[PDB]
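Colleague: Sending over a structure as structure tokens; questions will come in a sec.
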Amino acid sequence: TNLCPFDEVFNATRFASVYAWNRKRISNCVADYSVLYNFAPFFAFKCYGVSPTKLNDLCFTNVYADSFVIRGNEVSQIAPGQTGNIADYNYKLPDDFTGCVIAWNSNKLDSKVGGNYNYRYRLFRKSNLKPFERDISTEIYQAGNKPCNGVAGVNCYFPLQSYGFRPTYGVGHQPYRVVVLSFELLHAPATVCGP
Amino acid sequence: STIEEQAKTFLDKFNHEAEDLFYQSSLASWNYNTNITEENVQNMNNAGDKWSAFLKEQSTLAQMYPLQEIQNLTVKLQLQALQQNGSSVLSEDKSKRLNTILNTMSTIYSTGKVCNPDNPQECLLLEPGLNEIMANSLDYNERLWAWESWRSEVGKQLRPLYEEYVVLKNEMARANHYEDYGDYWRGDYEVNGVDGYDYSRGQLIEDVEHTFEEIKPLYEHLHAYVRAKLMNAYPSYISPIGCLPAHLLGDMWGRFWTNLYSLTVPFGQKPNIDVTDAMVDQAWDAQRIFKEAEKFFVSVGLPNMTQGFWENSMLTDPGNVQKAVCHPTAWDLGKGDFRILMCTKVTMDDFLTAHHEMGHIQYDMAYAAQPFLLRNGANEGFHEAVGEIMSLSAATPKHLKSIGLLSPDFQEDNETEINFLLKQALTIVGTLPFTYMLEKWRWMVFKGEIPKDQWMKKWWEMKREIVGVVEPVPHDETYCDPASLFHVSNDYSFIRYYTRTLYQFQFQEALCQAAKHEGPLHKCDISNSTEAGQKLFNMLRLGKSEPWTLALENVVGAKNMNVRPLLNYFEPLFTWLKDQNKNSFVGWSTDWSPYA
Ligand SMILES: *[C@@H]1O[C@H](CO)[C@@H](O[C@@H]2O[C@H](CO)[C@@H](O[C@@H]3O[C@H](CO)[C@@H](O)[C@H](O)[C@@H]3O)[C@H](O)[C@H]2NC(C)=O)[C@H](O)[C@H]1NC(C)=O
Ligand SMILES: *[C@@H]1O[C@H](CO)[C@@H](O[C@@H]2O[C@H](CO)[C@@H](O[C@@H]3O[C@H](CO)[C@@H](O)[C@H](O)[C@@H]3O)[C@H](O)[C@H]2NC(C)=O)[C@H](O)[C@H]1NC(C)=O
Ligand SMILES: *[C@@H]1O[C@H](CO)[C@@H](O[C@@H]2O[C@H](CO)[C@@H](O)[C@H](O)[C@H]2NC(C)=O)[C@H](O)[C@H]1NC(C)=O
Ligand SMILES: *[C@@H]1O[C@H](CO)[C@@H](O[C@@H]2O[C@H](CO)[C@@H](O)[C@H](O)[C@H]2NC(C)=O)[C@H](O)[C@H]1NC(C)=O
Ligand SMILES: *[C@@H]1O[C@H](CO)[C@@H](O)[C@H](O)[C@H]1NC(C)=O
Ligand SMILES: [Zn+2]
């Protein structure tokens, strides 16, 4: 039986930065949702508009697995109607979100002793992101009234900042892997089911 | 866009960059202080230099936002913090000379040795030799030798360095729009912008003097009592109406009269409340001590310590293989990393100091949500005041009984209480005239009111007039006795201890009234008082966001420093002294000297 590749999305060697969240299109496969815990105890498991289990029986035309990494304090922003740095400038969910949010701790995975500055996040942006919008622009943000001319300087800052995760950080500042599952309903016949 | 919005965005970028750089510097300095090696010292100095360079870059950047155009108080405070400019306003050579003399004074203080007690091969440093003498010796001549040797050796070297230090620091402070270096130091207490909570830099002097004036009588009676008891100890050496000789006060300077307790104990027949033997007999360890402190803080509504704290900390002596610095310190590294560095032994003193340092840590956790430059006490006295109220609550016999380290049938007579209040006063009230006079002398020197050719003259005049202490041998301008103290020769302000001593009893009074406590203030244990916990947290969470006057009002209900909490804490001892001195002289003549 051709099942869905959740092992690629969840057990990935490297997760993307939150400003460049990675989306995987899942279709033409059987999705096994009755796995409660696949890595560690359930850390963050919040299905909005749908039940967690006893509901894998639903069929959808496509499943969307959006993966990224944030610090624990920001895991609260991956929810409908949230605000903050991530929710505004990095990753936005609609108010009528009918999907699920699965986040877990990765301090053993993404915490380098000398600081893991490979994960970036967007701090500055001229407008809040539309739901499920992605923006990857290494363009100098113009906070002042003078033009930046693509150079960082006085009132001209680079929009990205490194998390610099460290193994000794507090739980609020530790690396957390997040995966958002969206379920699409189209006129086409369903391609993802679990019987 | 407005200047305020530009400054806000600048501060966001700054906060996240400085959080990370400060965390690296803190990790490096922790690896040094817990594991003294050469690799660690090089990493610590590298990280610290990186942090200082980043700070100077950010200062030059933040100077571009005209403060006057900022209408948001918080952004104004952070911008001011970046706008220090401190010493940078000096030319390169003058800054180099200032750093040179600072390090030289620090070196001569931490390295000065005096030789030839009998043979020039026997030499002692301040710690532990000279301090052991000044603490335990009962020999007038031995104490005088230690005192005069320390001064005539290290202070004579320190004198010219200190004159140049004064002149350079005044140059810096004046270039930074201050009157003198004393005005710079007093700027820590300045509040400018909040109607009804403002505070000028001279208002500190006014308030400090008005409150020391109110402190004067209790200190006078304590001084008379200690003088009589020392006359019993040094009969042919002490006048019943003169100042106390400076070398008989219990330490190198007289900053604390704690080590005079053996010579001044009211009722030496009563047992002292040292619960060390109980802790040892109950098989307590450092784990249990810090767990009990955590239980104390949780009992008033504050959180436990973090799992990061419990895993990442040195709470015991690491042994002979790994040597570390054992001065108790509370580390707030940022990014939710909280630690305590302490070589804990199973003693009551270490129990109380653990309570003090964990109070520090609770303060740090409580203002963690504040922006970076605002994660600090309201002023320089607040942190130590919080730690000290923790240790006061922990030292009460009521608390000791409730934890099970003191027998339930230990009766608190009025003589164990008078003993306890006297031992508290020797340290707490004995230090206030010392602190005030030293800081007054520095203020006046920086202000240019004491010429160099009578520096020591005014120093000892003030000693006599203010502290009631007289030098055992005369000193000309070759000496520099004020610089023979660590804080003076290492460029640290000193009024913080006075302000913290008044603040701590304000806080204790407020929280014990909140805790519905009954009786004398010194018997108060705020354990199990969620009201007191909340009243303290309302101030702790503020950090340096609100003015220190507002933070103090939040807990005690007053916008200014107050002396009546301290006086109410010491009232029973005050009446006992007033009775004990009925046929004794209270006060002192400023003219008697032990050397004609
Ligand atoms: C002075 O400027 C600061 C910004 O540095 C202002 O603080 C900001 O105030 C807004 C509005 O309250 C905060 O947004 C809030 O976020 C919380 C999330 O916990 C949300 O629940 C609220 O509904 C609101 O959206 C913002 O977080 C806060 N900034 C910081 C860094 O805390 C401040 O209000 C300004 N002062 C005045 C008098 O306007
Ligand atoms: C207010 O604080 C006190 C102590 O600070 C809390 O009471 C204490 O509770 C502990 C644990 O239950 C008691 O320890 C045990 O007591 C029994 C009976 O004395 C003894 O046999 C055990 O060996 C052990 O020592 C402790 O005695 C007790 N002390 C007092 C004074 O009550 C109390 O629960 C707190 N109240 C609230 C509402 O939180
Ligand atoms: C104390 O500091 C040393 C650094 O000098 C730590 O590492 C030791 O020294 C080098 C550093 O890379 C290593 O090659 C050694 O193997 C380490 N151990 C010894 C015994 O030299 C050392 O780990 C630190 N101690 C602790 C407990 O962390
Ligand atoms: C903070 O941590 C302590 C433990 O260090 C928590 O209390 C202990 O654990 C559970 C609470 O989940 C209790 O059933 C135990 O009885 C507690 N142990 C002792 C010795 O009292 C405490 O609850 C934590 N704080 C909060 C607010 O939950
Ligand atoms: C302590 O107790 C007595 C009780 O009358 C009190 O009057 C006095 O101050 C103290 N007694 C002595 C002997 O000091
Ligand atoms: Zn402390």
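Order determines the names: the first chain of the structure tokens is A, the second B, and so forth; residues in each chain are numbered 1 upward, and ligands are numbered 1 upward as they are shown.
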Between chain A and ligand 1, at 10 Å or less, what are the per-residue closest atom pairs and their distances in Å? Count only C-alpha atoms and all ligand atoms, order by chain and rising residue number, and return it as JSON lines.
Modeller:
```
{"residue": "A:82", "atom": "CA", "partner": "ligand 1", "partner_atom_place_in_ligand_line": "18 (C)", "distance": 9.1}
{"residue": "A:83", "atom": "CA", "partner": "ligand 1", "partner_atom_place_in_ligand_line": "25 (O)", "distance": 7.2}
{"residue": "A:84", "atom": "CA", "partner": "ligand 1", "partner_atom_place_in_ligand_line": "18 (C)", "distance": 7.1}
```
Colleague: Within 7 Å of ligand 4, counting only C-alpha atoms and all ligand atoms, which protein or nucleic acid residues do you find, written as a count of residues only?
Modeller: 4
Colleague: Select the residues contacting ligand 2 at a distance of at most 8 Å, based on only C-alpha atoms and all ligand atoms, then format the selection as a ChimeraX atom specification.
Modeller: /B:296,299,398-399,401-404,527-528
Colleague: Just the residues within 8 Å of residue 17 (chain A), please, counting only C-alpha atoms, with nothing from its chain fewer than 5 positions along; format it as a PyMOL selection string.
Modeller: chain A and resi 68-70+118-121
Colleague: Excluding same-chain residues fewer than 3 positions from region 96-98 of chain B, what lies within 12 Å of it counting only C-alpha atoms, as an MDAnalysis selection string?
Modeller: chainID B and resid 87:88 90:93 101:105 161:172 491
